[PDB]
Structures are given as structure tokens and as C-alpha cells.
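**Student:** Next comes the structure file target.csv, holding CSV, N, CA and C atoms.
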```csv
chain,number,residue,atom,x,y,z
E,795,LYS,N,109.6,88.9,96.9
E,795,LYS,CA,109.6,89.6,95.6
E,795,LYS,C,109.3,88.7,94.5
E,796,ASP,N,108.0,88.4,94.3
E,796,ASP,CA,107.4,87.6,93.2
E,796,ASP,C,106.7,88.6,92.3
E,797,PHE,N,107.4,89.2,91.4
E,797,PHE,CA,106.8,90.1,90.4
E,797,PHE,C,106.7,89.5,89.1
E,798,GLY,N,106.4,88.2,89.0
E,798,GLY,CA,106.2,87.5,87.7
E,798,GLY,C,107.4,87.3,86.9
E,799,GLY,N,108.6,87.4,87.4
E,799,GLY,CA,109.8,87.3,86.7
E,799,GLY,C,110.6,88.5,86.5
E,800,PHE,N,110.1,89.7,86.9
E,800,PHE,CA,110.8,90.9,86.8
E,800,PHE,C,111.7,91.1,88.0
E,801,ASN,N,112.9,91.5,87.8
E,801,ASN,CA,113.9,91.6,88.9
E,801,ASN,C,114.3,93.1,89.2
E,802,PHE,N,113.5,93.7,90.0
E,802,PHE,CA,113.8,95.1,90.5
E,802,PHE,C,114.7,94.9,91.7
E,803,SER,N,115.9,94.4,91.5
E,803,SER,CA,116.7,94.3,92.7
E,803,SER,C,117.7,95.4,92.6
E,804,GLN,N,118.0,95.9,91.4
E,804,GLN,CA,118.9,96.9,91.2
E,804,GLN,C,118.4,98.3,91.5
E,805,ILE,N,117.0,98.4,91.6
E,805,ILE,CA,116.4,99.7,92.0
E,805,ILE,C,115.8,99.7,93.3
E,806,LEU,N,115.4,98.6,93.8
E,806,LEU,CA,114.8,98.6,95.2
E,806,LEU,C,115.9,98.7,96.2
E,807,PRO,N,115.7,99.3,97.4
E,807,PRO,CA,116.7,99.6,98.3
E,807,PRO,C,117.3,98.3,98.9
E,808,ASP,N,118.6,98.3,99.2
E,808,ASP,CA,119.3,97.2,99.7
E,808,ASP,C,119.3,97.3,101.2
E,809,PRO,N,118.7,96.3,101.9
E,809,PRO,CA,118.7,96.4,103.4
E,809,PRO,C,120.0,95.9,104.0
E,810,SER,N,120.8,95.1,103.2
E,810,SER,CA,122.0,94.5,103.7
E,810,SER,C,123.2,95.4,103.4
E,811,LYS,N,123.1,96.6,103.8
E,811,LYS,CA,124.1,97.7,103.7
E,811,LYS,C,123.6,98.9,104.4
E,812,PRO,N,124.4,99.8,104.9
E,812,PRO,CA,123.8,101.0,105.5
E,812,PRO,C,123.3,102.0,104.4
E,813,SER,N,122.6,103.1,104.9
E,813,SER,CA,122.0,104.2,104.2
E,813,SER,C,120.8,103.7,103.4
E,814,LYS,N,120.6,102.4,103.3
E,814,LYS,CA,119.3,101.8,102.7
E,814,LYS,C,119.1,102.3,101.3
E,815,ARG,N,120.1,102.2,100.4
E,815,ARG,CA,119.9,102.6,99.0
E,815,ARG,C,120.1,101.4,98.1
E,816,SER,N,119.6,101.6,96.9
E,816,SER,CA,119.7,100.6,95.9
E,816,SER,C,121.1,100.5,95.4
E,817,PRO,N,121.5,99.5,94.6
E,817,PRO,CA,122.8,99.4,94.0
E,817,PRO,C,123.0,100.6,93.0
E,818,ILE,N,122.0,101.0,92.3
E,818,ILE,CA,122.2,102.1,91.3
E,818,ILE,C,122.4,103.4,92.0
E,819,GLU,N,121.6,103.6,93.1
E,819,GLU,CA,121.8,104.9,93.9
E,819,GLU,C,123.1,104.9,94.6
E,820,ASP,N,123.7,103.7,95.0
E,820,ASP,CA,125.0,103.6,95.5
E,820,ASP,C,126.0,104.1,94.5
E,821,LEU,N,125.9,103.6,93.2
E,821,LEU,CA,126.9,104.0,92.3
E,821,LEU,C,126.7,105.5,91.8
E,822,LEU,N,125.5,106.0,91.9
E,822,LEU,CA,125.3,107.4,91.7
E,822,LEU,C,125.9,108.3,92.8
E,823,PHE,N,125.9,107.8,94.0
E,823,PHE,CA,126.6,108.6,95.0
E,823,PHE,C,128.1,108.5,95.0
E,824,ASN,N,128.6,107.3,94.6
E,824,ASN,CA,130.0,107.1,94.6
E,824,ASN,C,130.6,107.7,93.4
E,825,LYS,N,129.9,108.0,92.3
E,825,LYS,CA,130.4,108.5,91.1
E,825,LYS,C,130.3,110.0,91.0
E,826,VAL,N,129.7,110.7,92.0
E,826,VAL,CA,129.7,112.1,92.1
E,826,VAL,C,130.5,112.6,93.3
E,827,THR,N,131.5,113.3,93.0
E,827,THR,CA,132.5,113.7,94.1
E,827,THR,C,132.3,115.2,94.3
E,828,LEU,N,131.9,115.5,95.6
E,828,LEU,CA,131.7,116.9,96.0
E,828,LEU,C,133.0,117.6,96.1
Q,696,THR,N,112.5,114.9,114.2
Q,696,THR,CA,112.9,114.6,112.8
Q,696,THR,C,111.7,114.3,112.0
Q,697,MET,N,111.6,114.9,110.8
Q,697,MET,CA,110.3,114.9,110.2
Q,697,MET,C,109.8,113.5,109.8
Q,698,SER,N,108.5,113.3,109.9
Q,698,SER,CA,107.9,112.1,109.3
Q,698,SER,C,107.6,112.4,107.8
Q,699,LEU,N,108.0,111.5,106.9
Q,699,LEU,CA,107.7,111.7,105.5
Q,699,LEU,C,106.4,111.3,105.1
Q,700,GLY,N,105.6,110.8,106.0
Q,700,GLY,CA,104.2,110.4,105.8
Q,700,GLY,C,103.9,109.1,106.5
Q,701,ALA,N,102.7,108.7,106.4
Q,701,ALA,CA,102.3,107.5,107.0
Q,701,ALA,C,102.8,106.3,106.2
Q,702,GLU,N,103.0,105.1,106.9
Q,702,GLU,CA,103.5,104.0,106.2
Q,702,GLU,C,102.3,103.1,105.8
Q,703,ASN,N,102.3,102.7,104.5
Q,703,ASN,CA,101.2,102.1,103.9
Q,703,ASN,C,101.6,100.9,103.0
Q,704,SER,N,102.4,100.0,103.5
Q,704,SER,CA,102.7,98.8,102.8
Q,704,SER,C,101.5,98.0,102.3
Q,705,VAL,N,101.3,98.0,101.0
Q,705,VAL,CA,100.1,97.6,100.4
Q,705,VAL,C,100.1,96.1,100.0
Q,706,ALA,N,99.0,95.5,100.0
Q,706,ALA,CA,98.9,94.0,100.0
Q,706,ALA,C,99.1,93.4,98.7
Q,707,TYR,N,100.3,93.5,98.2
Q,707,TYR,CA,100.6,92.9,96.9
Q,707,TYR,C,100.6,91.4,97.0
Q,708,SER,N,99.8,90.8,96.3
Q,708,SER,CA,99.9,89.3,96.0
Q,708,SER,C,100.0,89.2,94.5
Q,709,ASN,N,100.2,87.9,94.1
Q,709,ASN,CA,100.4,87.7,92.6
Q,709,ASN,C,99.1,87.6,91.9
Q,710,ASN,N,97.9,87.4,92.6
Q,710,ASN,CA,96.7,87.3,91.9
Q,710,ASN,C,95.6,88.0,92.6
Q,711,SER,N,95.9,89.1,93.3
Q,711,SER,CA,94.8,89.9,93.9
Q,711,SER,C,94.9,91.3,93.4
Q,712,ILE,N,93.7,91.9,93.1
Q,712,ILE,CA,93.6,93.2,92.6
Q,712,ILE,C,92.7,94.0,93.5
Q,713,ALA,N,92.8,95.3,93.5
Q,713,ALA,CA,91.8,96.1,94.2
Q,713,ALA,C,91.1,97.0,93.3
Q,714,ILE,N,89.8,97.0,93.4
Q,714,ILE,CA,89.0,97.8,92.4
Q,714,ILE,C,88.1,98.7,93.1
Q,715,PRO,N,88.0,100.0,92.7
Q,715,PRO,CA,87.1,100.9,93.4
Q,715,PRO,C,85.6,100.6,93.3
Q,716,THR,N,84.8,100.9,94.3
Q,716,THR,CA,83.4,100.7,94.3
Q,716,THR,C,82.7,102.0,94.2
Q,717,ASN,N,83.1,103.0,94.9
Q,717,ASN,CA,82.6,104.4,94.8
Q,717,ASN,C,83.6,105.4,94.4
Q,718,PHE,N,83.2,106.6,94.2
Q,718,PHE,CA,84.2,107.6,93.8
Q,718,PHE,C,83.9,108.9,94.5
Q,719,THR,N,84.9,109.8,94.5
Q,719,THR,CA,84.6,111.2,95.0
Q,719,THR,C,85.0,112.1,93.9
Q,720,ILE,N,84.1,113.1,93.6
Q,720,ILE,CA,84.4,114.2,92.7
Q,720,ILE,C,85.1,115.2,93.6
Q,721,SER,N,86.3,115.6,93.3
Q,721,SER,CA,87.0,116.5,94.2
Q,721,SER,C,87.5,117.7,93.4
Q,722,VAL,N,87.3,118.9,93.9
Q,722,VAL,CA,87.7,120.2,93.3
Q,722,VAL,C,88.8,120.7,94.1
Q,723,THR,N,90.0,120.7,93.5
Q,723,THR,CA,91.2,121.3,94.1
Q,723,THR,C,91.4,122.7,93.5
Q,724,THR,N,92.3,123.5,94.1
Q,724,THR,CA,92.5,124.8,93.5
Q,724,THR,C,94.0,124.9,93.2
Q,725,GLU,N,94.3,125.9,92.4
Q,725,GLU,CA,95.7,126.1,92.0
Q,725,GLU,C,95.9,127.5,91.6
Q,726,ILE,N,96.9,128.2,92.2
Q,726,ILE,CA,97.0,129.6,92.1
Q,726,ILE,C,98.4,129.9,91.3
Q,727,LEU,N,98.3,130.6,90.3
Q,727,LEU,CA,99.5,130.9,89.5
Q,727,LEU,C,99.6,132.4,89.3
Q,728,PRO,N,100.7,133.1,89.6
Q,728,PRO,CA,100.8,134.5,89.2
Q,728,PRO,C,101.1,134.6,87.8
Q,729,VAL,N,100.5,135.5,87.1
Q,729,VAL,CA,100.7,135.7,85.7
Q,729,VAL,C,101.3,137.1,85.4
Q,730,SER,N,101.3,138.1,86.3
Q,730,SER,CA,101.8,139.4,85.9
Q,730,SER,C,102.3,140.1,87.1
Q,731,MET,N,103.0,141.2,86.9
Q,731,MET,CA,103.7,142.1,87.8
Q,731,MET,C,103.0,143.4,87.7
Q,732,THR,N,103.4,144.3,88.6
Q,732,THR,CA,103.0,145.7,88.3
Q,732,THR,C,104.0,146.3,87.3
Q,733,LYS,N,103.5,147.2,86.5
Q,733,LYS,CA,104.3,147.8,85.4
Q,733,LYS,C,105.0,149.1,86.0
Q,734,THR,N,106.0,148.9,86.8
Q,734,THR,CA,106.7,150.1,87.2
Q,734,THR,C,107.6,150.6,86.1
Q,735,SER,N,108.0,151.8,86.3
Q,735,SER,CA,109.0,152.4,85.3
Q,735,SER,C,109.7,153.5,86.0
Q,736,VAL,N,111.0,153.4,86.2
Q,736,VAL,CA,111.8,154.4,86.9
Q,736,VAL,C,112.7,155.1,85.8
Q,737,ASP,N,112.5,156.4,85.7
Q,737,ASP,CA,113.4,157.3,85.0
Q,737,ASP,C,114.7,157.4,85.7
Q,738,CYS,N,115.9,157.3,85.0
Q,738,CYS,CA,117.1,157.5,85.7
Q,738,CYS,C,117.3,159.0,86.2
Q,739,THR,N,117.0,159.9,85.3
Q,739,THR,CA,117.5,161.3,85.5
Q,739,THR,C,116.8,161.9,86.7
Q,740,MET,N,115.5,161.6,86.9
Q,740,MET,CA,114.9,162.2,88.0
Q,740,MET,C,115.2,161.4,89.3
Q,741,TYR,N,115.6,160.1,89.1
Q,741,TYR,CA,116.0,159.4,90.3
Q,741,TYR,C,117.3,159.8,90.8
Q,742,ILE,N,118.3,159.8,89.9
Q,742,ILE,CA,119.7,160.0,90.3
Q,742,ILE,C,119.9,161.5,90.6
Q,743,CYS,N,119.4,162.4,89.7
Q,743,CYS,CA,119.6,163.8,89.8
Q,743,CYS,C,118.3,164.5,90.3
Q,744,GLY,N,117.2,164.4,89.6
Q,744,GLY,CA,116.0,165.1,90.0
Q,744,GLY,C,115.9,166.4,89.2
```
Here is a file; write its structure as C-alpha cells.
**Tutor:**
Amino acid sequence: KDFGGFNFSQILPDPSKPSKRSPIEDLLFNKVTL
Amino acid sequence: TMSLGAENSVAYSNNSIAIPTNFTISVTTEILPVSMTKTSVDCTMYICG
């Protein structure tokens, strides 16, 4: 991830967790309770 | 289980660009309904006649 200094780590999916979601998508699923 | 499409990991480098050489003119189509039939039902003949 050499994008010239830009850090899309909060939006790109996280492989070191299950369901393969980004940090922000994780908090979007944990903050909406069915 | 459905495939969501082909996998196309594209060759991002920090100093390489891809530029088109040729083009295609493509005509696609798109269909939109704009109107209904103008039915009209009287109650009195329907319910009673």
C-alpha cells in the first residue's frame, strides 16, 4: 500500500479478522442492532 | 454460491499509467415506462349495477 502518503487503512478490508471488513464497516455493523 | 464477477487485480505501481490507444463507440439501450392505461371504474355499476 504505497499510495503516495494516503492511508486508506480505515476503509480497505482488514484481512486479519473474519468477515473481511474494514474498520469502519465493523463499527457500522456493531452500532446497528437488529 | 454466486460469483460476483471475474477477479481483476490491476497493476498499480507508483509511476505507471495505462492509456487507451483505440476506442469503441457503443450504443446501449434503456427502457423506461412513462405511463399506464387510463382505467376508470364507477362504483355504482361495479358494486350494484
**Student:** Atom CA of residue E:799 to atom CA of residue Q:715: how many Å, to one decimal?
**Tutor:**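 Between atom CA of residue E:799 and atom CA of residue Q:715 the gap works out to 27.3 Å.
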**Student:** Please report the interatomic distance between atom N of residue E:809 and atom N of residue E:821 in Å with one decimal.
**Tutor:**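 Taking atom N of residue E:809 as the start and atom N of residue E:821 as the end point, the length is 13.4 Å.
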**Student:** Using all atoms listed in the file, what table do you get, as JSON lines, when you list each residue of chain E with an atom no more than 8 Å from chain Q, its nearest pair of atoms, and their distance in Å rounded to one decimal, rows by chain then rising number?
**Tutor:**
```
{"residue": "E:796", "atom": "C", "partner": "Q:709", "partner_atom": "CA", "distance": 6.4}
{"residue": "E:797", "atom": "CA", "partner": "Q:709", "partner_atom": "CA", "distance": 7.2}
{"residue": "E:798", "atom": "N", "partner": "Q:709", "partner_atom": "CA", "distance": 7.0}
```
**Student:** Per DSSP on the backbone, filter chain Q down to the residues in helix (DSSP H, G or I) and report them as a VMD selection string.
**Tutor:** chain Q and resid 738 to 742
**Student:** In Å, with one decimal, what is the gap from atom CA of residue E:817 to atom CA of residue E:802?
**Tutor:**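 Those two atoms sit 10.6 Å apart.
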